[PDB]
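A.B. asks: Residue numbers (full-length UniProt numbering), protein chains in the order written: chain A, 64 to 236; chain B, 64 to 236; chain C, 64 to 236; chain D, 64 to 236; chain E, 64 to 236; chain F, 64 to 236.
6 protein chains.
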Amino acid sequence: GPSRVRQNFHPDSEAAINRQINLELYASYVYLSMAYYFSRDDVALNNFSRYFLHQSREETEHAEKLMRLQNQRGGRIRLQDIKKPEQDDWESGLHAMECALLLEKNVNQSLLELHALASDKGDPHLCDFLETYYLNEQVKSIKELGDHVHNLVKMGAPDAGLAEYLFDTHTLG
Amino acid sequence: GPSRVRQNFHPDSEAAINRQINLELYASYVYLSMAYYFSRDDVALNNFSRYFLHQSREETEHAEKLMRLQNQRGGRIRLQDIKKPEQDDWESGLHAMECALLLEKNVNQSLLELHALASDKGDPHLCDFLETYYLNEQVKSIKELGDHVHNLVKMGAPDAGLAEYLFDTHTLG
Amino acid sequence: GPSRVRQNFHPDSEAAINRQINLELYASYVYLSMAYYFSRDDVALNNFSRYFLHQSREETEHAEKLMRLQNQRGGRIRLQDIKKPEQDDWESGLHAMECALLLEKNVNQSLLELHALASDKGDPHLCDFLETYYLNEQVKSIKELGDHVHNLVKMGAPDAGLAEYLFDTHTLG
Amino acid sequence: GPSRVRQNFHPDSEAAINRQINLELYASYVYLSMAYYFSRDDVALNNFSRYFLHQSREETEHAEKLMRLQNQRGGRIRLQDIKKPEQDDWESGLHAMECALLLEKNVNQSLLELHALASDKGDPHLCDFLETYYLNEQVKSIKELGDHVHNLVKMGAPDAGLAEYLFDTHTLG
Amino acid sequence: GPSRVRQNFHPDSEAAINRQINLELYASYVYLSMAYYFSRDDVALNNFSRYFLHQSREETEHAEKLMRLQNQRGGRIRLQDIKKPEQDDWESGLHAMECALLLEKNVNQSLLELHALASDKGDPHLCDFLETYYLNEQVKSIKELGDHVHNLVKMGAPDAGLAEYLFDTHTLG
Amino acid sequence: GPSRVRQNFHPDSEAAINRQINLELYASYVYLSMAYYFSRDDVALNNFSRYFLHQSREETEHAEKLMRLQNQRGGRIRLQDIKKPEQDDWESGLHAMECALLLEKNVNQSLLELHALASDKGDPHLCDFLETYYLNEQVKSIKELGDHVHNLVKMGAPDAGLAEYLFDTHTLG
Ligand SMILES: [Cl-]
Ligand SMILES: [Cl-]
Ligand SMILES: [Cl-]
Ligand SMILES: [Cl-]
Ligand SMILES: [Cl-]
Ligand SMILES: [Cl-]
Ligand SMILES: [Cl-]
Ligand SMILES: [Cl-]
Ligand SMILES: [Cl-]
Ligand SMILES: [Cl-]
Ligand SMILES: [Cl-]
Ligand SMILES: [Cl-]
Ligand SMILES: [Cl-]
Ligand SMILES: [Cl-]
Ligand SMILES: [Cl-]
Ligand SMILES: [Cl-]
Ligand SMILES: [Cl-]
Ligand SMILES: [Cl-]
Ligand SMILES: [Cl-]
Ligand SMILES: [Cl-]
Ligand SMILES: [Cl-]
Ligand SMILES: [Cl-]
Ligand SMILES: [Cl-]
Ligand SMILES: [Cl-]
Ligand SMILES: [Cl-]
Ligand SMILES: [Cl-]
Ligand SMILES: [Cl-]
Ligand SMILES: [Cl-]
Ligand SMILES: [Cl-]
Ligand SMILES: [Cl-]
Ligand SMILES: [Cl-]
Ligand SMILES: [Cl-]
Ligand SMILES: [Cl-]
Ligand SMILES: [Fe+2]
Ligand SMILES: [Fe+2]
Ligand SMILES: [Fe+2]
Ligand SMILES: [Fe+2]
Ligand SMILES: [Fe+2]
Ligand SMILES: [Fe+2]
Ligand SMILES: [Fe+2]
Ligand SMILES: [Fe+2]
Ligand SMILES: [Fe+2]
Ligand SMILES: [Fe+2]
Ligand SMILES: [Fe+2]
Ligand SMILES: [Fe+2]
Ligand SMILES: [Fe+2]
Ligand SMILES: [Fe+2]
Ligand SMILES: [Fe+2]
Ligand SMILES: [Fe+2]
Ligand SMILES: [Fe+2]
Ligand SMILES: [Fe+2]
Ligand SMILES: [Fe+2]
Ligand SMILES: [Fe+2]
Ligand SMILES: [Fe+2]
Ligand SMILES: [Fe+2]
Ligand SMILES: [Fe+2]
Ligand SMILES: [Fe+2]
Ligand SMILES: [Fe+2]
Ligand SMILES: [Fe+2]
Ligand SMILES: [Fe+2]
Ligand SMILES: [Fe+2]
Ligand SMILES: [Fe+2]
Ligand SMILES: [Fe+2]
Ligand SMILES: [Fe+2]
Ligand SMILES: [Fe+2]
Ligand SMILES: [Fe+2]
Ligand SMILES: [Fe+2]
Ligand SMILES: [Fe+2]
Ligand SMILES: [Fe+2]
Ligand SMILES: [Fe+2]
Ligand SMILES: [Fe+2]
Ligand SMILES: [Fe+2]
Ligand SMILES: [Fe+2]
Ligand SMILES: [Fe+2]
Ligand SMILES: [Fe+2]
Ligand SMILES: [Fe+2]
Ligand SMILES: [Fe+2]
Ligand SMILES: [Fe+2]
Ligand SMILES: [Fe+2]
Ligand SMILES: [Fe+2]
Ligand SMILES: [Fe+2]
Ligand SMILES: [Fe+2]
Ligand SMILES: [Mg+2]
Ligand SMILES: [Mg+2]
Ligand SMILES: [Mg+2]
Ligand SMILES: [Mg+2]
Ligand SMILES: [Mg+2]
Ligand SMILES: [Mg+2]
Ligand SMILES: [Mg+2]
Ligand SMILES: [Mg+2]
Ligand SMILES: [Mg+2]
Ligand SMILES: [Mg+2]
Ligand SMILES: [Mg+2]
Ligand SMILES: [Mg+2]
Ligand SMILES: [Mg+2]
Ligand SMILES: [Mg+2]
Ligand SMILES: [Mg+2]
Ligand SMILES: [Mg+2]
Ligand SMILES: [Mg+2]
Ligand SMILES: [Mg+2]
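Next comes the structure, spelled out in structure tokens:
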């Protein structure tokens with residue numbers, strides 16, 4: 064138009080926010096896939112299921128806050144296909160945790176690149192938005208997943224018969 | 064394996080449930096797109112936004128109940144890409160309502176075909192599942208959208224300046 | 064003295080904060096003028112009046128937080144005349160909303176320049192202060208005013224006899 | 064128009080009310096300046112600060128009641144620049160109290176002149192308004208400031224090191 | 064390893080965080096020393112004691128939040144000796160306040176250098192951490208100590224017999 | 064002076080109390096180090112972390128009660144550097160427990176020597192202070208750590224993958 068609200072909002076930032084929306088929705092879909100893997104009759108780790116379902120819902124929240132930001136700043140949301148996850152069968156509780164850790168690091172890297180772009184374009188509102196709602200959340204998530212991976216490895220997952228069962232009930236319970 | 068739980072569950076039913084999961088997730092994405100269209104600064108119909116956001120969340124619930132059914136019956140969830148909606152700019156409150164009505168009829172037709180398949184395969188559990196949780200929900204949704212379309216048309220949407228504003232505040236408020 | 068508290072606080076930042084204080088007080092005065100325009104017997108839109116009176120009080124808060132910052136950092140407040148608003152008769156609810164939107168964008172631009180100055184002077188405390196309390200508040204205010212302008216335009220304000228009356232009662236009520 | 068509400072309201076009264084509005088806003092600004100003087104790190108008398116901030120807010124109330132009166136009687140508010148206070152550095156708690164006393168007497172004199180004008184123009188509504196809301200308030204304010212000045216003088220302010228500190232905590236606390 | 068959680072975290076930042084941990088623990092020890100100075104039988108200013116004990120506990124909190132950050136980011140905490148304070152006998156309430164002010168400015172300078180390092184290394188998570196939890200806290204602490212120093216100087220501390228006694232009971236009480 | 068409060072308080076006792084203060088602060092620092100070892104991403108035993116953090120806070124309390132005693136008896140606190148712990152990486156939950164047990168025995172021995180000194184100097188107040196607040200606390204702490212070491216050894220820590228995990232959740236939880 065430009066939008067009557069738009070101010071100090073670079074087209075490159077608008078496009079990068081659209082890409083980030085897609086990535087957050089993708090992460091939501093990965094965790095939804097994991098949640099329902101753990102409720103298979105031949106897996107049946109209900110607290111792993113609940114843990115990943117919660118993570119899925121959080122990622123949808125992350126996508127929505129970026130969609131709201133786009134509108135607030137006068138950009139236009141452009142949605143793209145949400146790609147299916149890389150797997151349907153996630154192999155084990157440990158493997159799912161390791162894949163989640165890799166996913167979160169990848170999302171973090173994208174957010175850091177978005178922050179660098181916002182800095183380059185002199186957009187302190189966008190920088191603050193990412194710092195306030197995204198960057199520390201990512202650090203906490205990565206740390207949590209790292210803790211979980213360590214405990215599962217030490218306990219002898221996936222092959223030690225009691226490991227994932229006991230972690231399911233005592234850590235994720 | 065087959066799954067140690069699987070009984071009277073035809074592979075064609077399992078595949079059709081996977082297709083229905085994708086369609087429910089697609090419908091969820093369409094309504095999410097609509098929700099954020101109505102919160103654009105140049106649209107700003109907050110109760111249309113809230114209405115479609117609620118519909119989006121309901122469709123995710125519909126997808127999840129089918130995913131649970133797949134696990135309950137011993138089938139294996141196979142996720143596919145969630146296609147982007149046909150539009151980002153939904154034009155008006157009336158146009159969004161008309162598109163939602165068409166979407167719901169299309170989803171209904173898919174559910175009726177799923178029911179016919181389940182009947183052909185002598186799967187009364189699957190027939191009952193669809194009747195109990197899907198078919199009446201669809202009829203109620205289609206009727207509601209039909210009511211909304213009629214009122215918006217009669218009020219003179221989209222061109223009559225007061226129509227969508229007043230419908231937003233008095234029907235969807 | 065310098066102040067026994069002063070540290071990493073550039074004289075240019077101190078002066079720019081004094082200018083921003085004046086601009087926030089000016090904005091408060093503009094909105095006070097608008098508030099009392101809407102309570103004229105020949106205007107009588109009481110919820111427009113209340114809306115702008117609230118905005119006026121918020122701007123005084125914005126001025127006071129900067130005055131507090133000046134003291135906290137060891138700068139010295141230097142007040143200047145508060146210029147009268149550009150108009151006493153604000154013409155219509157739509158015109159007042161459009162003028163408020165322009166005012167908020169102008170204040171935003173001043174805040175962005177203040178942030179750039181603070182960045183240039185390596186003052187992260189001042190940068191954070193602006194990000195935490197000012198920049199997102201401005202984005203939200205501009206978006207809100209944009210929403211209001213759009214609805215009033217679409218409804219046919221100012222000439223459509225029902226438009227401002229109905230917006231007063233249903234949006235600002 | 065004249066206003067369809069206007070009755071027995073002389074143009075000279077309308078103009079004098081506009082002048083009084085400006086004077087009340089000026090007094091509000093003087094007291095805001097004083098409030099933030101007392102929160103300087105090299106002054107730090109927090110109850111003097113709170114006392115003057117309260118007085119500032121009361122003066123804005125006084126301005127608003129006159130603005131409301133203008134509208135009630137069918138006059139038209141005409142705002143003018145709010146002049147900056149005569150000082151930024153108010154020297155001491157005693158000096159600020161003495162300046163406040165002088166300010167209140169000056170405002171009182173203006174109100175008495177307004178009352179004499181209203182009497183001359185046979186406007187008993189305006190006379191009653193001033194008597195009901197302004198004249199006794201002024202007498203109480205002047206008396207309070209006189210009490211405070213006397214105690215601070217007797218205690219040995221500003222040079223006696225304990226005087227303003229102890230008055231801050233025990234009278235204004 | 065590197066740590067499986069580590070991302071965008073420069074070794075220089077990790078080392079600087081270890082140095083800051085030591086400095087916060089040092090500040091905690093200085094304030095603990097001051098707290099117990101004021102409870103000597105020949106000093107006996109119990110509210111000065113309580114004030115510095117509270118400051119001591121806050122500094123331990125500051126150290127712990129940095130230790131947590133180190134773990135969150137995948138760095139490794141490296142503790143060093145906590146040096147004893149420069150004095151055991153802090154001379155007077157005024158002298159302790161002046162020493163605390165100098166200490167807080169020194170800690171602030173270290174935090175500003177840490178922020179500049181984090182900026183140089185493109186670590187927005189670390190920048191935000193310092194802005195959110197440290198930089199404004201320091202500004203508030205320095206301002207508070209400046210206020211206290213001013214009042215004690217004006218009251219005639221340390222030699223005026225009533226000054227520290229009255230400040231203890233009325234400001235710190 | 065001597066202190067006007069000092070009575071039956073030998074200079075050797077005063078010096079020994081200063082040494083004990085340092086040792087209690089050292090023990091506090093050892094346990095703080097252990098607490099944050101257990102929250103590393105590659106250790107992640109949160110109840111070991113909480114257990115040692117609590118022990119750290121208790122040791123600071125032990126130091127403060129001796130500092131208070133020094134003042135109560137008219138002695139003068141003389142603080143010294145707090146040496147860093149012997150390790151940053153505490154190897155395992157069992158190793159940390161074994162090191163804590165050794166530390167507590169060492170502190171106990173110092174307290175017994177202090178008691179023998181107080182007895183030699185005919186200071187029954189000091190003897191009672193140590194008996195009332197220190198000696199039984201030490202016996203309880205040593206016994207608790209001995210219990211924990213035994214269970215961890217029997218369970219097969221540190222190499223048995225489930226041992227420290229299960230002890231963390233069921234004993235320290
Ligand atoms: Cl722009
Ligand atoms: Cl795509
Ligand atoms: Cl920037
Ligand atoms: Cl864990
Ligand atoms: Cl590991
Ligand atoms: Cl167990
Ligand atoms: Cl079957
Ligand atoms: Cl596809
Ligand atoms: Cl059947
Ligand atoms: Cl309807
Ligand atoms: Cl129709
Ligand atoms: Cl209506
Ligand atoms: Cl400076
Ligand atoms: Cl000017
Ligand atoms: Cl900076
Ligand atoms: Cl609106
Ligand atoms: Cl528009
Ligand atoms: Cl008249
Ligand atoms: Cl003027
Ligand atoms: Cl009269
Ligand atoms: Cl008085
Ligand atoms: Cl007098
Ligand atoms: Cl007193
Ligand atoms: Cl790294
Ligand atoms: Cl050292
Ligand atoms: Cl950065
Ligand atoms: Cl103070
Ligand atoms: Cl001073
Ligand atoms: Cl003695
Ligand atoms: Cl030493
Ligand atoms: Cl004895
Ligand atoms: Cl035990
Ligand atoms: Cl044993
Ligand atoms: Fe999470
Ligand atoms: Fe959550
Ligand atoms: Fe996310
Ligand atoms: Fe694909
Ligand atoms: Fe794997
Ligand atoms: Fe995530
Ligand atoms: Fe920044
Ligand atoms: Fe921030
Ligand atoms: Fe997360
Ligand atoms: Fe619905
Ligand atoms: Fe619903
Ligand atoms: Fe559906
Ligand atoms: Fe496509
Ligand atoms: Fe259409
Ligand atoms: Fe539907
Ligand atoms: Fe529905
Ligand atoms: Fe209505
Ligand atoms: Fe506002
Ligand atoms: Fe507000
Ligand atoms: Fe503002
Ligand atoms: Fe002018
Ligand atoms: Fe206009
Ligand atoms: Fe504003
Ligand atoms: Fe605002
Ligand atoms: Fe007053
Ligand atoms: Fe009052
Ligand atoms: Fe007044
Ligand atoms: Fe002037
Ligand atoms: Fe004076
Ligand atoms: Fe007054
Ligand atoms: Fe008054
Ligand atoms: Fe007193
Ligand atoms: Fe503090
Ligand atoms: Fe505190
Ligand atoms: Fe600190
Ligand atoms: Fe030394
Ligand atoms: Fe000194
Ligand atoms: Fe500090
Ligand atoms: Fe502090
Ligand atoms: Fe203990
Ligand atoms: Fe305890
Ligand atoms: Fe101890
Ligand atoms: Fe050493
Ligand atoms: Fe060992
Ligand atoms: Fe101990
Ligand atoms: Fe004894
Ligand atoms: Fe005893
Ligand atoms: Fe203990
Ligand atoms: Fe258990
Ligand atoms: Mg326009
Ligand atoms: Mg992508
Ligand atoms: Mg479940
Ligand atoms: Mg079998
Ligand atoms: Mg399909
Ligand atoms: Mg909304
Ligand atoms: Mg000095
Ligand atoms: Mg200006
Ligand atoms: Mg009103
Ligand atoms: Mg007429
Ligand atoms: Mg005047
Ligand atoms: Mg104050
Ligand atoms: Mg690995
Ligand atoms: Mg150092
Ligand atoms: Mg005490
Ligand atoms: Mg004597
Ligand atoms: Mg020693
Ligand atoms: Mg913990």
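Ideal Cβ placement from N, Cα and C applies to all residues, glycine included.
Name, going along the chain, the residues of the segment 178-192 of chain A whose beta-carbon falls closer than 8 Å to a beta-carbon of chain C.
C.D. replies: Against chain C - using a Cβ distance shorter than 8 Å - the residues of the segment 178-192 of chain A are 185, 187, 188, 190, 191 and 192.
A.B. asks: At a CB-CB cut-off below 9 Å, which residues of chain C make contact with residue 80 (chain E)?
C.D. replies: The count along the fifth sequence starts at 1 and reaches residue 80 (chain E) at position 17. Correct list: empty, because the minimum Cβ distance to chain C is about 16 Å.
A.B. asks: Between residue 99 (chain D) and chain C, is the shortest Cβ-Cβ distance under 8 Å, so that the two count as touching?
C.D. replies: One-based indexing of the fourth sequence puts residue 99 (chain D) at position 36. It does: the Cβ of residue 99 (chain D) has a partner Cβ on chain C nearer than 8 Å.
A.B. asks: Starting from residue 126 (chain A), find everything on chain F with Cβ-Cβ shorter than 8 Å and list it in chain order.
C.D. replies: Working through the first sequence from its first residue, we reach residue 126 (chain A) at position 63. Ordered by position in chain F, no residue passes the 8 Å Cβ test against residue 126 (chain A), which lies about 27 Å from the chain.
A.B. asks: Taking CB distances under 8 Å as the criterion, tell me whether residue 70 (chain D) reaches chain C.
C.D. replies: Residue mapping note: residue 70 (chain D) aligns to position 7 of the fourth sequence, counting from 1. It does not: the Cβ of residue 70 (chain D) has no partner Cβ on chain C nearer than 8 Å.
A.B. asks: Quick check: residue 208 (chain E) and residue 230 (chain E), are their CB atoms within less than 8 Å of each other?
C.D. replies: By one-based count along the fifth sequence, residue 208 (chain E) stands at place 145. By one-based count along the fifth sequence, residue 230 (chain E) stands at place 167. No.
A.B. asks: Which residue marks the beginning of the alpha helix (DSSP H) containing residue 102 (chain E), and which one marks its end?
C.D. replies: To locate residue 102 (chain E), count along the fifth sequence from 1; it is residue 39. Looking at the DSSP string, residue 102 (chain E) is not in any alpha helix (DSSP H), and its letter there is neither H nor E.
A.B. asks: Does the distance between the C-beta of residue 117 (chain B) and the nearest non-hydrogen atom of ligand 44 fall short of 7 Å?
C.D. replies: Sequence index remark: in the second sequence, residue 117 (chain B) carries index 54 (1-based). Flag set: Cβ of residue 117 (chain B) near ligand 44.
A.B. asks: Assuming contact is defined by CB atoms lying nearer than 8 Å, are residue 122 (chain E) and residue 91 (chain E) in contact in what I supplied?
C.D. replies: Here the question's residue 122 (chain E) lines up with position 59 in the fifth sequence. Here the question's residue 91 (chain E) lines up with position 28 in the fifth sequence. Yes, Cβ-Cβ distance for residue 122 (chain E) and residue 91 (chain E) is below 8 Å.
A.B. asks: When you compare only the Cα positions, how much space is there between residue 69 (chain F) and residue 124 (chain F)?
C.D. replies: Taking the sixth sequence and counting its residues from 1, one reaches residue 69 (chain F) at position 6. Taking the sixth sequence and counting its residues from 1, one reaches residue 124 (chain F) at position 61. For residue 69 (chain F) and residue 124 (chain F), the distance between alpha carbons rounds to 24 Å.
A.B. asks: Please list the terminal residues of the continuous alpha helix (DSSP H) segment that includes residue 67 (chain D).
C.D. replies: Here residue 67 (chain D) refers to the residue found at position 4 of the fourth sequence. Note, residue 67 (chain D): premise wrong, no alpha helix (DSSP H); not H, not E.
A.B. asks: Is residue 144 (chain A) near ligand 46, judged by its Cβ being under 7 Å from some heavy atom?
C.D. replies: The residue you call residue 144 (chain A) lines up with position 81 of the first sequence. Checking every heavy atom of ligand 46 against the Cβ of residue 144 (chain A), one is found closer than 7 Å.
A.B. asks: Looking at the secondary structure, which residues open and close the alpha helix (DSSP H) in which residue 114 (chain C) lies?
C.D. replies: For the purposes of this step, residue 114 (chain C) is taken as the residue at position 51 of the third sequence. Note, residue 114 (chain C): alpha helix (DSSP H), 109-136.
A.B. asks: For residue 118 (chain C), count neighbouring Cβ atoms within 10 angstroms of its own Cβ and tell me buried if that reaches 16, exposed if not.
C.D. replies: Counting from 1 along the third sequence, the entry for residue 118 (chain C) is found at position 55. Residue 118 (chain C) comes out buried.
A.B. asks: Kindly indicate if chain F contains any beta-carbon less than 8 Å away from that of residue 147 (chain A).
C.D. replies: Start at 1 with the first residue of the first sequence, and residue 147 (chain A) comes out as number 84. For residue 147 (chain A), the nearest beta carbon of chain F is not closer than 8 Å to its own beta carbon.
A.B. asks: Could you spell out the range, first to last residue, of the alpha helix (DSSP H) harbouring residue 203 (chain F)?
C.D. replies: Indexing the sixth sequence from 1 puts residue 203 (chain F) at position 140. It spans 199-218 - the alpha helix (DSSP H) in which residue 203 (chain F) sits, taken as one unbroken run.
A.B. asks: Cβ of residue 91 (chain A) within 7 Å of any heavy atom in ligand 34?
C.D. replies: Start at 1 with the first residue of the first sequence, and residue 91 (chain A) comes out as number 28. No.
A.B. asks: Would you please verify whether the beta carbon of residue 210 (chain C) is less than 8 Å from any beta carbon of chain B?
C.D. replies: On the third sequence, position 147 is the one that residue 210 (chain C) refers to. Closer than 8 Å: yes.
A.B. asks: Taking DSSP as the reference, what is the three-state secondary structure of residue 145 (chain F)?
C.D. replies: For the purposes of this step, residue 145 (chain F) is taken as residue 82 along the sixth sequence, with counting starting at 1. Three-state DSSP puts residue 145 (chain F) in a strand.
A.B. asks: Taking the alpha-carbon positions, what's the residue 176 (chain E) to residue 170 (chain E) distance?
C.D. replies: Position 113 of the fifth sequence holds residue 176 (chain E). Position 107 of the fifth sequence holds residue 170 (chain E). Approximately 10 Å between the Cα atoms of the pair.
A.B. asks: With respect to 7 Å, is the separation between the Cβ of residue 207 (chain B) and the closest non-hydrogen atom of ligand 45 below this value?
C.D. replies: Start at 1 with the first residue of the second sequence, and residue 207 (chain B) comes out as number 144. No - ligand 45 has no heavy atom lying nearer than 7 Å to the Cβ of residue 207 (chain B).
A.B. asks: Within 7 Å: the Cβ of residue 121 (chain D) and any heavy atom of ligand 59?
C.D. replies: For the purposes of this step, residue 121 (chain D) is identified with residue 58 of the fourth sequence, where counting begins at 1. True, at least one ligand heavy atom lies under 7 Å from that Cβ.
A.B. asks: So what's residue 140 (chain F) in DSSP terms, helix, strand or just coil?
C.D. replies: Against the sixth sequence, residue 140 (chain F) aligns to sequence position 77. Coil, per DSSP.
A.B. asks: Under 6 Å from any heavy atom of ligand 32, by CB: list those residues in chain order, please.
C.D. replies: F:210, F:211, F:214 and F:234
A.B. asks: Decide if residue 167 (chain D) is buried, meaning its Cβ has at least 16 other Cβ atoms within 10 Å, or exposed.
C.D. replies: The count along the fourth sequence starts at 1 and reaches residue 167 (chain D) at position 104. Result: buried.
A.B. asks: What do you reckon, is the C-beta of residue 173 (chain B) under 7 Å from a heavy atom of ligand 48?
C.D. replies: The count along the second sequence starts at 1 and reaches residue 173 (chain B) at position 110. No; taking the cut-off as 7 Å, the Cβ of residue 173 (chain B) has no heavy atom of ligand 48 nearer than that.
A.B. asks: Assign residue 219 (chain F) to buried or exposed, taking buried as 16 or more other Cβ atoms, counted over all protein chains shown, within 10 Å of its Cβ.
C.D. replies: For the purposes of this step, residue 219 (chain F) is taken as the residue at position 156 of the sixth sequence. Burial call: exposed.
A.B. asks: Could you have a look at residue 188 (chain F) and say whether DSSP puts it in helix, strand or coil?
C.D. replies: Working through the sixth sequence from its first residue, we reach residue 188 (chain F) at position 125. In the structure shown, residue 188 (chain F) sits in a helix (DSSP, three-state: H, G or I).
A.B. asks: In terms of alpha-carbon separation, which member of D:206, D:104 and D:141 lies closest to residue 161 (chain D)?
C.D. replies: Counting from one through the fourth sequence, the residue named residue 161 (chain D) turns up at place 98. The residue with the shortest Cα to Cα distance from residue 161 (chain D) is D:206.
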